[PDB]
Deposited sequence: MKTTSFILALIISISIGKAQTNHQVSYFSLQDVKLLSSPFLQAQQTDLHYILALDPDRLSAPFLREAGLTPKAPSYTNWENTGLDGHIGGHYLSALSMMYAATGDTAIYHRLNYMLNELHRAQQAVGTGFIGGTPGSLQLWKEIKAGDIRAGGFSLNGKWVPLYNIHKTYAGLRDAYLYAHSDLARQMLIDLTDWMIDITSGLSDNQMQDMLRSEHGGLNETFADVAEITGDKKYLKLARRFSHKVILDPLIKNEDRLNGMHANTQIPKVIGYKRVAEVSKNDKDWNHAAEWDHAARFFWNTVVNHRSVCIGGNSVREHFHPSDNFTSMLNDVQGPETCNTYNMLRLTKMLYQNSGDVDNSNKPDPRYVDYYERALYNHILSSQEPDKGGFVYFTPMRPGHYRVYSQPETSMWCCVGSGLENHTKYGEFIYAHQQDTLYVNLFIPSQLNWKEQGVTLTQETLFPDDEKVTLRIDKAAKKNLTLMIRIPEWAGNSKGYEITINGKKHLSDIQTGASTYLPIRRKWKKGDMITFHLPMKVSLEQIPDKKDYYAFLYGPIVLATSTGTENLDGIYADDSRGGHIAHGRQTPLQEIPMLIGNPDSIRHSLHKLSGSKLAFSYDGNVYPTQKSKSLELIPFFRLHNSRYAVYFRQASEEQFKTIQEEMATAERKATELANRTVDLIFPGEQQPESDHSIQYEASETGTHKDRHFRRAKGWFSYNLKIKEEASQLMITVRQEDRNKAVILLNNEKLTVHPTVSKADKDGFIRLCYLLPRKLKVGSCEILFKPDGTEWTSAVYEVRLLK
């Protein structure tokens, strides 16, 4: 009787704000893409003639088709949000091209993976050769086809396309046939390969059709090794690839939702709970101040953020896009699950933190371009995509992000409206005969006004979110005072027979806070209200800040600044917090007026506004007592680590999917794993990469474990490396570096590196491959 609903994008008009800017910039980027290049893989796999070459980058190195899927979703949501005619022409054309591809094969299959029909013939026969990122020699093909399922779902739900609906059902029936001869054990083996959110999309088809066969399919596509610990409130996520898991959990939640009234299956509450526990553990233990998670795409231990503070590959944007999708699902029925009948605004505090500080920051606001990694290492920078060069996962999610800022501003519950986000907007609440405008300069000002533009004098309750970070309201010039009931996130209820012209005004008091890195190392970020602040540390060596189509072009490969050159805050955390002063002006800006080492007064602005520069979000802190020892470590060990990084020509992390894929991983009889938080690969046959040599290289460094008795032969362009390596002292965790001084410098270009056993059963387990000048 008390279900909470969301509004359609059609019903929520963004008014001038950073969000409308971001929407419009993404519109331009979406329209820049050539649909004939995005459709080319699909036509190819159907036996038709493409009209143009595919894009390059990931669209011709094995993930061919994935951006086309995202492109359907982004066009559909952007069309719902704007009604843009150019967007509709592109969406109609892409749907009709993919429909031609589907009809040419006639089975329901649509896809771009090279050799798609052969792949799925093998799978259907039970020839399943799964790795974490591969299936039968192909790059995450389940993940790829997921973006088509999702794209066709979105064309139906957002753009009302019946053609998309039929294409989606045919493609789902095709998968029923592919999996009809597979045991649950074979399915769970195949699901070891990254598969995006297929369980979610199959549950979506169940709801669209009302046919439970699609819910049985969704459950078959639910990865049990991940689900089962979550049911039991066990976080087993250390070392896992993070964006692989989040869509699975979204899927468990969606299966639970669509299964709410399924008399033949009794697990909905358990699967809902698994998702709510997953959210809790990631948000509360694995997330930084901007709302993101992971380092080099993987979950590190929650008690050790060292790599988050040292690596240039900070949180990945996809992961936050997916955590926000989950957040929206969990919030909707939070009141049903806790039998309060009011949803839990703690979900909204997270949503706001991640939306303003990560999603909004992840697009260059003027020109466009999407961020993959956001370093938390002080003094680095982030790289942006370009429309015709960049075909990354974070481009696909990037296209979607800025279409849909209207989706979570408000929620409705019969005669109740939840005012969740303080984003300028006009709402059509047709269910209660109301049109309302939210006017605010937030976060640059504290005042919010809600204006009733149209109403039918129903008694309605406005539930205004009072964030934990933030009671007098004004109605029509009259002050109404209410008692604070909790310092926690809560709602302030205001019920009236609203009429045209009524005005509700409230203020959100904003304070400076200082948020420590979660493992309580000596690094802190400044916030103002929910806004993460940052300082610009310079504009030198921003190499590849607008990416080309190269493998690895999503990473900020420019020079690493030694930490002793970046401002370090001297003193205790309360003194440091008190030393940040707000500057006068209509935009947020702050001066840091305490002691900084080395001296440059620092200016801080919102991180979402900091572009085309190096930055610090987290600052290293030093007590006056520990300064001498801290500075000596920064001047010696940290400086030397930075020098090694700055002599590095190429770098591979064996066992990490994207580093391996960017270096054209090949293998025979190989396995991967983790030891002491580091990934490896080893083989009984062999494994190989291509090294990309931008500058001549002199030295190869291989990281292994001292205790490993297995040895590798190394071939460079099929010539055995016979020079004797120098061997480093073992570190704390038992890792050593083998340093080979190459007999001849390696030429600029590409060089195969191949590892095969040297008399032993396996190669050494290799944890890092580094090429140096």
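A.B. asks: What portions of the deposited sequence, indexed from 1, have no corresponding C-alpha atom in the structure?
C.D. replies: Several regions go unmodelled: 1 to 21, 492 to 496, 627 to 629.
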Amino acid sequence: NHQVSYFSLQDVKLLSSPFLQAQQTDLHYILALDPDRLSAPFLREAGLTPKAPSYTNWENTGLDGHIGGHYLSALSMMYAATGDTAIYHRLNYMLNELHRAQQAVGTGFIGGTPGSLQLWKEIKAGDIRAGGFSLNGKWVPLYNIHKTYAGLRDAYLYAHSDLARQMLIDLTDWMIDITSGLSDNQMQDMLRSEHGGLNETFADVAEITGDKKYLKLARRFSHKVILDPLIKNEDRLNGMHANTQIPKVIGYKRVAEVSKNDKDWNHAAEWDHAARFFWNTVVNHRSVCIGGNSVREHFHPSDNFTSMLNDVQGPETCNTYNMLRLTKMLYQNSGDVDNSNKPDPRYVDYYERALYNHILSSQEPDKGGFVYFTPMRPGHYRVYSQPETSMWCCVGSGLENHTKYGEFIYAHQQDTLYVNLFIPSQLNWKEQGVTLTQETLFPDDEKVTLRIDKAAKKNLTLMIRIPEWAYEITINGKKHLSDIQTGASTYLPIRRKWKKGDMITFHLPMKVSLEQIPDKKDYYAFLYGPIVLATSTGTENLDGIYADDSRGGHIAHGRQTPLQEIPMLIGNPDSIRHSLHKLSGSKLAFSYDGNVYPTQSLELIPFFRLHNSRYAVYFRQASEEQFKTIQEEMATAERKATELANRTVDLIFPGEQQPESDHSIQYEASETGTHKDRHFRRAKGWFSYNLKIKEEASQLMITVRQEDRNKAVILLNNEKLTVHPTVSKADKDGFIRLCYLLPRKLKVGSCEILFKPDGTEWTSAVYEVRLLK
From here on, numbers count along this sequence of modelled residues.
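A.B. asks: Which has higher Cα B-factors on average according to the PDB entry: 312 to 320 or 642 to 650?
C.D. replies: The entry gives the higher C-alpha B-factor average to 642 to 650.
A.B. asks: Averaging C-alpha B-factors over each stretch, which comes out higher, 63 to 71 or 45 to 53?
C.D. replies: The stretch with the larger mean CA B-factor is 45 to 53.
A.B. asks: Could you say which of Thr201, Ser698, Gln413, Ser385 has its CA atom at the highest B factor, as listed in the PDB entry?
C.D. replies: Of the candidates given, the C-alpha B-factor peaks at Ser698.
A.B. asks: In terms of CA temperature factor as recorded, identify the highest of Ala635, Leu152, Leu142, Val532.
C.D. replies: The C-alpha B-factor peaks, among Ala635, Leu152, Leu142, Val532, at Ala635.
A.B. asks: Taking only the Cα B-factors deposited for this chain, tell me whether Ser750 sits in the lowest, middle or highest third.
C.D. replies: Top third by C-alpha B-factor.
A.B. asks: Sorting by Cα B-factor within the chain, modelled residues only, which third would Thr760 end up in: lowest, middle or highest?
C.D. replies: For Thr760, whose C-alpha B-factor we compare with every modelled residue in the chain, the answer is the highest third.
A.B. asks: Lowest, middle or highest third: which one holds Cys739 when the chain's residues are ordered by CA B-factor from the entry?
C.D. replies: According to the entry, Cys739 has a C-alpha B-factor in the chain's highest third.
A.B. asks: Going by the CA temperature factor in the PDB record, which third of the chain does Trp429 belong to: lowest, middle or highest?
C.D. replies: As the PDB entry reports it, the C-alpha B-factor of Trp429 lands in the middle third of its chain.
A.B. asks: Taking the entry's C-alpha B-factors for this chain, is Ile504 in the lowest, middle or highest third?
C.D. replies: Within its chain, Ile504 is a highest-third residue by C-alpha B-factor, going by the deposited values.
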